[PDB]
Structures are given as C-alpha cells and as structure tokens.
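Below is my_file09.cif, which holds mmCIF, C-alpha atoms and all ligand atoms.
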data_target
loop_
_atom_site.group_PDB
_atom_site.id
_atom_site.type_symbol
_atom_site.label_atom_id
_atom_site.label_comp_id
_atom_site.auth_asym_id
_atom_site.auth_seq_id
_atom_site.Cartn_x
_atom_site.Cartn_y
_atom_site.Cartn_z
ATOM 1 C CA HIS A 4 -6.960 23.563 -14.519
ATOM 2 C CA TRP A 5 -3.245 23.279 -15.395
ATOM 3 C CA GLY A 6 -1.889 21.452 -18.427
ATOM 4 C CA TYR A 7 0.389 21.960 -21.422
ATOM 5 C CA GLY A 8 -1.706 24.143 -23.791
ATOM 6 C CA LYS A 9 -1.548 27.854 -24.741
ATOM 7 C CA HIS A 10 -4.081 28.729 -22.139
ATOM 8 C CA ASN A 11 -2.994 26.535 -19.198
ATOM 9 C CA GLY A 12 0.640 25.590 -19.909
ATOM 10 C CA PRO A 13 3.953 26.123 -18.061
ATOM 11 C CA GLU A 14 3.892 29.921 -18.523
ATOM 12 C CA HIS A 15 0.594 30.066 -16.567
ATOM 13 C CA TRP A 16 1.432 27.752 -13.687
ATOM 14 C CA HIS A 17 2.879 30.471 -11.446
ATOM 15 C CA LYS A 18 -0.599 31.959 -10.864
ATOM 16 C CA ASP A 19 -1.807 28.898 -8.963
ATOM 17 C CA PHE A 20 1.688 27.745 -7.861
ATOM 18 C CA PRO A 21 3.887 30.774 -7.100
ATOM 19 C CA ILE A 22 6.871 28.514 -6.314
ATOM 20 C CA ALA A 23 7.055 28.171 -10.113
ATOM 21 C CA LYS A 24 9.362 31.248 -9.963
ATOM 22 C CA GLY A 25 11.318 29.836 -7.002
ATOM 23 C CA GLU A 26 14.981 29.346 -6.302
ATOM 24 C CA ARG A 27 15.382 25.628 -7.112
ATOM 25 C CA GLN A 28 12.992 24.867 -9.989
ATOM 26 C CA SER A 29 13.284 22.023 -12.507
ATOM 27 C CA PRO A 30 14.060 21.153 -15.193
ATOM 28 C CA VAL A 31 17.279 22.966 -16.155
ATOM 29 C CA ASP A 32 19.728 23.084 -18.995
ATOM 30 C CA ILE A 33 22.819 21.045 -18.165
ATOM 31 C CA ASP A 34 25.848 22.966 -19.429
ATOM 32 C CA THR A 35 28.319 20.103 -19.769
ATOM 33 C CA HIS A 36 31.338 22.371 -19.799
ATOM 34 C CA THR A 37 30.331 24.080 -16.534
ATOM 35 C CA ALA A 38 29.244 20.991 -14.563
ATOM 36 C CA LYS A 39 32.120 20.123 -12.268
ATOM 37 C CA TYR A 40 33.371 16.626 -11.701
ATOM 38 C CA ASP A 41 32.950 15.864 -7.995
ATOM 39 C CA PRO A 42 35.303 12.995 -7.045
ATOM 40 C CA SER A 43 33.498 12.704 -3.675
ATOM 41 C CA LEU A 44 30.284 11.523 -5.427
ATOM 42 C CA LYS A 45 29.600 7.790 -5.177
ATOM 43 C CA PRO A 46 28.381 5.370 -7.791
ATOM 44 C CA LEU A 47 24.635 5.241 -7.899
ATOM 45 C CA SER A 48 23.105 2.141 -6.342
ATOM 46 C CA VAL A 49 20.020 1.080 -8.282
ATOM 47 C CA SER A 50 18.518 -2.004 -6.621
ATOM 48 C CA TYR A 51 15.466 -2.998 -8.663
ATOM 49 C CA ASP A 52 15.666 -6.843 -8.520
ATOM 50 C CA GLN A 53 12.617 -7.044 -6.193
ATOM 51 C CA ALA A 54 10.572 -4.293 -7.887
ATOM 52 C CA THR A 55 6.806 -4.967 -7.852
ATOM 53 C CA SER A 56 4.893 -2.988 -10.516
ATOM 54 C CA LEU A 57 1.143 -2.899 -10.006
ATOM 55 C CA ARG A 58 -0.709 -0.718 -12.427
ATOM 56 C CA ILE A 59 -0.463 1.804 -15.234
ATOM 57 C CA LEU A 60 -2.531 5.006 -15.093
ATOM 58 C CA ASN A 61 -3.302 7.767 -17.592
ATOM 59 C CA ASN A 62 -3.575 10.740 -15.245
ATOM 60 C CA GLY A 63 -4.318 13.354 -17.928
ATOM 61 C CA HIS A 64 -0.705 14.679 -18.071
ATOM 62 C CA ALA A 65 1.357 11.487 -18.530
ATOM 63 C CA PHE A 66 1.059 7.801 -17.782
ATOM 64 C CA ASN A 67 2.402 6.475 -14.520
ATOM 65 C CA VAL A 68 3.638 2.931 -13.992
ATOM 66 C CA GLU A 69 3.019 2.459 -10.288
ATOM 67 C CA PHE A 70 4.949 0.252 -7.854
ATOM 68 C CA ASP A 71 4.257 -1.383 -4.512
ATOM 69 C CA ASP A 72 6.195 0.929 -2.159
ATOM 70 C CA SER A 73 4.837 -0.581 1.134
ATOM 71 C CA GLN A 74 8.324 -1.951 1.836
ATOM 72 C CA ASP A 75 11.940 -1.647 0.610
ATOM 73 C CA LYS A 76 11.736 -3.615 -2.677
ATOM 74 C CA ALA A 77 13.087 -1.252 -5.352
ATOM 75 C CA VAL A 78 15.452 1.393 -3.938
ATOM 76 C CA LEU A 79 17.870 4.052 -4.993
ATOM 77 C CA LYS A 80 20.852 4.821 -2.762
ATOM 78 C CA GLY A 81 24.372 6.193 -3.022
ATOM 79 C CA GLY A 82 25.346 8.770 -5.612
ATOM 80 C CA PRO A 83 24.639 12.175 -3.976
ATOM 81 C CA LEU A 84 22.050 10.687 -1.634
ATOM 82 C CA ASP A 85 21.989 10.072 2.101
ATOM 83 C CA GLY A 86 19.760 7.164 3.040
ATOM 84 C CA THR A 87 17.298 5.063 1.135
ATOM 85 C CA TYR A 88 14.795 6.142 -1.471
ATOM 86 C CA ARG A 89 11.916 3.876 -2.509
ATOM 87 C CA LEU A 90 10.611 3.662 -6.082
ATOM 88 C CA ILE A 91 6.952 4.728 -6.292
ATOM 89 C CA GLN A 92 6.335 5.339 -10.003
ATOM 90 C CA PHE A 93 7.913 6.049 -13.353
ATOM 91 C CA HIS A 94 6.586 8.124 -16.214
ATOM 92 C CA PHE A 95 7.769 9.944 -19.329
ATOM 93 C CA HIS A 96 7.689 13.357 -20.976
ATOM 94 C CA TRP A 97 7.707 13.486 -24.783
ATOM 95 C CA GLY A 98 7.209 15.604 -27.820
ATOM 96 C CA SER A 99 4.946 15.965 -30.803
ATOM 97 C CA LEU A 100 8.119 15.419 -32.902
ATOM 98 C CA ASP A 101 11.496 13.766 -32.249
ATOM 99 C CA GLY A 102 13.322 17.117 -31.896
ATOM 100 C CA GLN A 103 11.662 17.990 -28.587
ATOM 101 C CA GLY A 104 10.176 16.242 -25.576
ATOM 102 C CA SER A 105 12.787 16.152 -22.821
ATOM 103 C CA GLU A 106 12.531 18.404 -19.803
ATOM 104 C CA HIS A 107 16.242 18.580 -19.021
ATOM 105 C CA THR A 108 18.410 19.666 -21.889
ATOM 106 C CA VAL A 109 22.115 19.053 -22.458
ATOM 107 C CA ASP A 110 23.944 22.083 -23.872
ATOM 108 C CA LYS A 111 20.476 23.171 -25.030
ATOM 109 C CA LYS A 112 19.874 19.856 -26.878
ATOM 110 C CA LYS A 113 16.348 18.531 -26.440
ATOM 111 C CA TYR A 114 15.910 14.774 -26.567
ATOM 112 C CA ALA A 115 12.775 13.025 -27.963
ATOM 113 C CA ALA A 116 11.669 11.997 -24.477
ATOM 114 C CA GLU A 117 12.728 11.758 -20.852
ATOM 115 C CA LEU A 118 11.993 8.984 -18.353
ATOM 116 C CA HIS A 119 11.561 9.864 -14.642
ATOM 117 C CA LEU A 120 11.856 7.169 -11.991
ATOM 118 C CA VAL A 121 10.446 8.774 -8.840
ATOM 119 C CA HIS A 122 11.681 7.665 -5.419
ATOM 120 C CA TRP A 123 10.886 8.912 -1.898
ATOM 121 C CA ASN A 124 13.095 9.125 1.188
ATOM 122 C CA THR A 125 11.972 6.379 3.565
ATOM 123 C CA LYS A 127 13.119 8.526 6.682
ATOM 124 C CA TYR A 128 9.840 10.476 6.140
ATOM 125 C CA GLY A 129 7.603 7.395 6.294
ATOM 126 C CA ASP A 130 5.268 8.162 3.359
ATOM 127 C CA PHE A 131 5.372 9.916 0.011
ATOM 128 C CA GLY A 132 3.008 12.714 1.036
ATOM 129 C CA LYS A 133 5.332 13.603 3.921
ATOM 130 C CA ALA A 134 8.457 13.248 1.832
ATOM 131 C CA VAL A 135 7.316 15.856 -0.746
ATOM 132 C CA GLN A 136 7.232 18.412 2.089
ATOM 133 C CA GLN A 137 11.001 18.028 2.676
ATOM 134 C CA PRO A 138 13.958 19.461 0.742
ATOM 135 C CA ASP A 139 15.516 16.029 0.494
ATOM 136 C CA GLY A 140 12.205 14.149 0.161
ATOM 137 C CA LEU A 141 12.491 12.772 -3.357
ATOM 138 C CA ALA A 142 15.159 11.458 -5.690
ATOM 139 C CA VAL A 143 14.255 11.408 -9.357
ATOM 140 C CA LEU A 144 16.382 9.435 -11.786
ATOM 141 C CA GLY A 145 16.104 11.050 -15.215
ATOM 142 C CA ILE A 146 16.983 9.165 -18.419
ATOM 143 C CA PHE A 147 16.953 10.677 -21.906
ATOM 144 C CA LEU A 148 15.376 8.902 -24.877
ATOM 145 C CA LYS A 149 16.609 9.249 -28.442
ATOM 146 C CA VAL A 150 14.974 7.698 -31.510
ATOM 147 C CA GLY A 151 16.957 4.893 -33.143
ATOM 148 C CA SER A 152 16.931 1.178 -32.344
ATOM 149 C CA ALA A 153 13.967 -0.188 -30.398
ATOM 150 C CA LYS A 154 14.252 -0.679 -26.634
ATOM 151 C CA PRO A 155 12.988 -4.237 -26.034
ATOM 152 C CA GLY A 156 12.353 -3.569 -22.330
ATOM 153 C CA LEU A 157 9.957 -0.714 -23.217
ATOM 154 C CA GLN A 158 7.627 -2.637 -25.501
ATOM 155 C CA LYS A 159 5.416 -4.110 -22.712
ATOM 156 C CA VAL A 160 4.676 -0.481 -21.726
ATOM 157 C CA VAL A 161 4.011 0.595 -25.338
ATOM 158 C CA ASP A 162 1.642 -2.307 -25.902
ATOM 159 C CA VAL A 163 -0.647 -1.511 -22.946
ATOM 160 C CA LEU A 164 -1.143 2.168 -23.954
ATOM 161 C CA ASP A 165 -4.156 1.461 -26.196
ATOM 162 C CA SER A 166 -5.979 0.290 -23.033
ATOM 163 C CA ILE A 167 -5.401 3.608 -21.165
ATOM 164 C CA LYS A 168 -5.969 6.021 -24.012
ATOM 165 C CA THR A 169 -7.818 8.662 -22.011
ATOM 166 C CA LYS A 170 -7.535 10.455 -18.657
ATOM 167 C CA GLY A 171 -8.576 8.350 -15.662
ATOM 168 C CA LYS A 172 -8.110 4.975 -17.360
ATOM 169 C CA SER A 173 -5.888 2.422 -15.675
ATOM 170 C CA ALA A 174 -4.835 -1.150 -16.342
ATOM 171 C CA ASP A 175 -3.212 -3.973 -14.410
ATOM 172 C CA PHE A 176 0.538 -3.855 -15.010
ATOM 173 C CA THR A 177 2.291 -6.415 -12.902
ATOM 174 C CA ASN A 178 5.706 -7.993 -13.165
ATOM 175 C CA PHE A 179 7.260 -5.202 -15.219
ATOM 176 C CA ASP A 180 11.030 -4.970 -14.740
ATOM 177 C CA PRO A 181 12.276 -1.370 -14.861
ATOM 178 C CA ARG A 182 15.908 -2.545 -15.171
ATOM 179 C CA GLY A 183 15.058 -2.999 -18.859
ATOM 180 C CA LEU A 184 14.816 0.808 -19.218
ATOM 181 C CA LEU A 185 18.343 1.671 -17.981
ATOM 182 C CA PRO A 186 21.318 2.530 -20.196
ATOM 183 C CA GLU A 187 24.691 0.725 -19.772
ATOM 184 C CA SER A 188 26.391 3.546 -17.878
ATOM 185 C CA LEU A 189 25.209 5.049 -14.611
ATOM 186 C CA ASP A 190 27.378 8.194 -15.086
ATOM 187 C CA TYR A 191 25.229 11.138 -14.016
ATOM 188 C CA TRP A 192 24.758 14.804 -13.326
ATOM 189 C CA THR A 193 23.074 15.907 -10.089
ATOM 190 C CA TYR A 194 21.555 19.113 -8.714
ATOM 191 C CA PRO A 195 18.872 20.206 -6.200
ATOM 192 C CA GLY A 196 15.520 20.936 -7.804
ATOM 193 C CA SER A 197 11.785 20.443 -7.912
ATOM 194 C CA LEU A 198 8.852 18.548 -9.263
ATOM 195 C CA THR A 199 8.404 19.553 -12.906
ATOM 196 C CA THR A 200 4.604 19.519 -12.654
ATOM 197 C CA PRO A 201 2.343 21.368 -10.240
ATOM 198 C CA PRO A 202 2.600 21.600 -7.291
ATOM 199 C CA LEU A 203 6.266 22.261 -8.274
ATOM 200 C CA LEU A 204 7.514 21.434 -4.803
ATOM 201 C CA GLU A 205 11.206 21.986 -4.150
ATOM 202 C CA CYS A 206 11.796 18.512 -2.749
ATOM 203 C CA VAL A 207 13.858 16.718 -5.412
ATOM 204 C CA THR A 208 17.469 15.618 -5.696
ATOM 205 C CA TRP A 209 17.777 15.214 -9.470
ATOM 206 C CA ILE A 210 20.057 12.516 -10.854
ATOM 207 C CA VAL A 211 20.162 12.731 -14.647
ATOM 208 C CA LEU A 212 22.030 9.975 -16.512
ATOM 209 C CA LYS A 213 24.482 11.049 -19.219
ATOM 210 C CA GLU A 214 23.825 8.053 -21.527
ATOM 211 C CA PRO A 215 20.454 8.139 -23.315
ATOM 212 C CA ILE A 216 18.503 4.994 -24.151
ATOM 213 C CA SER A 217 17.462 4.371 -27.752
ATOM 214 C CA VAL A 218 13.793 3.682 -28.547
ATOM 215 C CA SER A 219 12.224 3.173 -31.981
ATOM 216 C CA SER A 220 10.230 5.711 -33.902
ATOM 217 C CA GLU A 221 7.300 3.235 -33.723
ATOM 218 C CA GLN A 222 7.599 3.092 -29.924
ATOM 219 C CA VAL A 223 7.481 6.836 -29.397
ATOM 220 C CA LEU A 224 4.682 7.199 -32.028
ATOM 221 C CA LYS A 225 2.526 5.051 -29.740
ATOM 222 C CA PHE A 226 3.168 7.450 -26.794
ATOM 223 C CA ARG A 227 1.802 10.190 -29.087
ATOM 224 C CA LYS A 228 -1.514 8.350 -29.607
ATOM 225 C CA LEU A 229 -2.474 8.830 -25.970
ATOM 226 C CA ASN A 230 -4.995 11.504 -24.970
ATOM 227 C CA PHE A 231 -4.913 14.300 -22.370
ATOM 228 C CA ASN A 232 -8.710 14.338 -22.429
ATOM 229 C CA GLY A 233 -11.186 11.957 -20.842
ATOM 230 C CA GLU A 234 -13.212 9.327 -22.701
ATOM 231 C CA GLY A 235 -15.655 10.854 -25.180
ATOM 232 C CA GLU A 236 -14.252 14.407 -24.841
ATOM 233 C CA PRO A 237 -12.694 16.295 -27.727
ATOM 234 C CA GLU A 238 -9.468 14.523 -28.610
ATOM 235 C CA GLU A 239 -6.301 16.323 -27.553
ATOM 236 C CA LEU A 240 -3.260 14.184 -28.296
ATOM 237 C CA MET A 241 -0.959 13.748 -25.257
ATOM 238 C CA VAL A 242 2.145 15.334 -26.763
ATOM 239 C CA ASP A 243 4.548 18.032 -25.601
ATOM 240 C CA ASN A 244 3.920 17.298 -21.940
ATOM 241 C CA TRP A 245 7.284 18.801 -20.903
ATOM 242 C CA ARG A 246 8.133 21.887 -18.890
ATOM 243 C CA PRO A 247 10.954 23.935 -20.451
ATOM 244 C CA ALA A 248 14.258 24.647 -18.714
ATOM 245 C CA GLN A 249 14.117 27.005 -15.743
ATOM 246 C CA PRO A 250 16.703 29.457 -14.365
ATOM 247 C CA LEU A 251 19.627 27.736 -12.661
ATOM 248 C CA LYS A 252 19.938 30.588 -10.143
ATOM 249 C CA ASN A 253 22.234 29.848 -7.234
ATOM 250 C CA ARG A 254 22.898 26.161 -8.051
ATOM 251 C CA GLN A 255 25.797 24.005 -9.188
ATOM 252 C CA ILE A 256 25.362 20.911 -11.338
ATOM 253 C CA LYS A 257 27.853 18.224 -10.300
ATOM 254 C CA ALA A 258 29.142 15.390 -12.535
ATOM 255 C CA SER A 259 29.924 11.887 -11.312
ATOM 256 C CA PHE A 260 32.443 11.348 -14.136
ATOM 257 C CA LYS A 261 35.412 12.948 -15.963
HETATM 258 N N1 LIG R 1 8.492 15.098 -13.322
HETATM 259 S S1 LIG R 1 8.404 14.723 -11.797
HETATM 260 O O1 LIG R 1 9.295 13.623 -11.511
HETATM 261 O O2 LIG R 1 8.655 15.900 -11.058
HETATM 262 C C1 LIG R 1 6.838 14.226 -11.457
HETATM 263 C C2 LIG R 1 5.736 14.348 -12.352
HETATM 264 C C3 LIG R 1 4.447 13.892 -12.012
HETATM 265 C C4 LIG R 1 4.188 13.322 -10.776
HETATM 266 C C5 LIG R 1 2.826 12.825 -10.484
HETATM 267 O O3 LIG R 1 2.056 13.366 -9.705
HETATM 268 O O4 LIG R 1 2.502 11.700 -11.044
HETATM 269 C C6 LIG R 1 5.313 13.135 -9.837
HETATM 270 S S2 LIG R 1 5.068 12.494 -8.352
HETATM 271 O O5 LIG R 1 4.526 11.155 -8.257
HETATM 272 O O6 LIG R 1 6.149 12.819 -7.493
HETATM 273 N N2 LIG R 1 3.823 13.274 -7.730
HETATM 274 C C7 LIG R 1 3.949 14.696 -7.393
HETATM 275 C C8 LIG R 1 2.593 15.360 -7.175
HETATM 276 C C9 LIG R 1 2.011 14.982 -5.848
HETATM 277 C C10 LIG R 1 2.306 15.749 -4.722
HETATM 278 C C11 LIG R 1 1.761 15.394 -3.483
HETATM 279 C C12 LIG R 1 0.907 14.289 -3.380
HETATM 280 C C13 LIG R 1 0.617 13.519 -4.517
HETATM 281 C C14 LIG R 1 1.162 13.875 -5.752
HETATM 282 C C15 LIG R 1 6.583 13.621 -10.212
HETATM 283 ZN ZN ZN R 2 8.506 13.849 -14.759
#
Go ahead and express the file in the form of structure tokens.
Amino acid sequence: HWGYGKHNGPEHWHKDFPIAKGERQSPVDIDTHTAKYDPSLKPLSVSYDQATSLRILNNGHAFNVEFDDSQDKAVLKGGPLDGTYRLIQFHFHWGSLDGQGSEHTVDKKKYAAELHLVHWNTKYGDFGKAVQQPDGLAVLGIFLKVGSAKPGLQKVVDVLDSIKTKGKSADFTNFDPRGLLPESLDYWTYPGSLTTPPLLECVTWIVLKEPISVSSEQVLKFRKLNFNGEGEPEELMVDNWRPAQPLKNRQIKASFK
C-alpha cells in the first residue's frame, strides 16, 4: 500500500491514483514574486473559540487531532471562500532533518514542518460528500521553523509517546488550536488537492505567510513516531511530505502587499 518510502512513495502514487498527474495537484512551490496581490480577497475569519477536540490518532502516515464536527463549533470563513467550512482535523508533515518537511515551499525554501487544519464545506452536509466537490474542503496551511518553542504545541508533543505506532489513538480533549496560529493571517491561496491519496481535487488552499516557531526538542519528538504498527519493524515516521507538483494552469493569489 502507499506510503513515503522508495518503493511506495509519492513517485508511485499515480499507479493507484491517476489523478496524481492531474491539473490541480498539491502541494506547489509558491513563487512570491509571481503571486499577485488580490485586493478583492477578504481577511480570513478563523473562529475557533468553541472548538471541541476529541482524540489523537496515529494513522500510519501522520497523526490526526480530531474534532467534533457535528455542528458549527470551529469554522473557517472569508478569505477566498464562499460559505462556511467546519474544522474536522489537523495534522502535520515533517522531515528527518530541519531542512525539509514542508509540502508547500516558498521560493523553493522547504520549512521543517507544515501544519494542515482541514475544514469541510457545510453546504455538502458531510465530509465524505464534500471531498467529491471542487470546493469541498479548505485547508489552512502553516509553516513550522525550528527556533523558540511553541507553548501551544507542547500538549500535542507530550501525548505522542502514547500513539507511537499505526492504529493507536488517545483521548485528546480540550485542546485549543488557536495556540498554533502565527500573529498574522496574511496568506496565499490557490485551487488544489489533497496531498495524500486519494489526491482528490477538492481543496481551496490557504497558506499563511508567517511561519510559527517550534523548538528542536518539539520536532524531535514528532520524529520518534512510527509508520509501522505495534511490534513490526520500526520505521520512523519522518519525511511524510509530498514534494511540489506542477502549477499548470493556476494562479496563486496573495492577500497582502
Ligand atoms: N494534507 S491534506 O490536508 O490534504 C490531508 C492529509 C490527510 C488526510 C487524512 O485522511 O487524514 C486529510 S483528510 O482528513 O481530508 N482526509 C482525506 C482522505 C479521505 C477521503 C475520503 C474519506 C475519508 C478520508 C487531508
Ligand atoms: Zn496534510
């Protein structure tokens, strides 16, 4: 099955998921000089005050912090979006070393990690229906660089020992994702896809310009996770990022000048 190794990694995914070579695949390199300021873009509206986190899951490719999305509690609106998108989960992509790990790049710069807050368009009723639509999901992408610790991340880091291997989960209530956001909500946006199989072309990407800083110790703990199941040969969960894909017939728009 698919993963991030030599034998089953991003260069192989097209054989099971032909849309991998599609017209609006993610991630992409963000050429900052070519992205055009769009004065018609709105400020993002990130309304996470009532967010209800439930659980954290090692799914064999990342860890997902899952939210109660049975009603409008944590929503993303505004920016490039029409309507209301409900937070369902967040996860990260990261490297084996600090010089790689992000999926999006900025003028070819790779960050140490990238956070994805996944939201679905509530006009489609459920997540499974939303992923079948071109405007089904909105993913808020936030770059991580290694420097000062991020205090709001440490509750996540400290639970990781309990979900070391694929299929392990743990209770993870009352986590506030507002503690993972940078100061500025300046962003780039473009139409794209899921960055893992099934690679569905259902995502409005909103990538924040300002990275968050996390400590070397924090990201080292991400790298102690396992792709494998309990008792299986240990494969460290590192380099779980898809590289940049062809931009093709797309424009990246900036919310700022
Ligand atoms: N990097 S990303 O934002 O594109 C992304 C990565 C992983 C997943 C995931 O499945 O957990 C997701 S997800 O929660 O949107 N799930 C997509 C896979 C899926 C499709 C249809 C039904 C269930 C899951 C998104
Ligand atoms: Zn992701």
Margin query: Show me which residues line ligand LIG 1 (chain R), defined as having an atom within 9 Å of a ligand atom where only C-alpha atoms and all ligand atoms count, and present them as a PyMOL selection string.
Written below: chain A and resi 29-30+62+64-67+91-96+106+118-123+131-136+141-145+197-204+207+209+245-246
Margin query: Ranking A:242, A:68, A:31, A:38 by minimum distance to residue 175 of chain A and counting only C-alpha atoms, which one comes first?
Written below: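 Answer, going by the shortest atom-to-atom distance: A:68.
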Note to self: To test your reading of the syntax: which residues would the PyMOL selection byres (((chain A and resi 151) around 12) and not hetatm) return for the file shown? Reply as JSON, numbers by chain.
What the structure shows: {"A": [101, 114, 115, 148, 149, 150, 152, 153, 154, 215, 216, 217, 218, 219, 220, 221, 222, 223]}
Check: Could you spell out the hits of the PyMOL selection byres (((chain A and resi 170) around 12) and not hetatm) on the shown file, as an MDAnalysis selection string?
Finding: chainID A and resid 59:67 164 166:169 171:173 229:241
Check: Do you know which residues the PyMOL selection byres (((chain A and resi 183) around 8) and not hetatm) returns on this file, as a PyMOL selection string?
Finding: chain A and resi 155-157+180-182+184-185
Item checked: Counting all atoms listed in the file, the option among A:249, A:137, A:244, A:50 closest to ligand ZN 2 (chain R) -> A:244
Notebook entry, point to check: Quick one: of A:39, A:76, A:10, A:107, who's nearest to ligand ZN 2 (chain R), counting all atoms listed in the file?
Noted result: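 When distances to ligand ZN 2 (chain R) are compared using all atoms listed in the file, the smallest one comes from A:107.
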Centre, x/y/z edge lengths, axis-aligned box for segment 89-106 of chain A with 5 Å per side, as JSON:
{"center_x": 9.1, "center_y": 11.0, "center_z": -17.7, "size_x": 18.4, "size_y": 24.7, "size_z": 40.4}
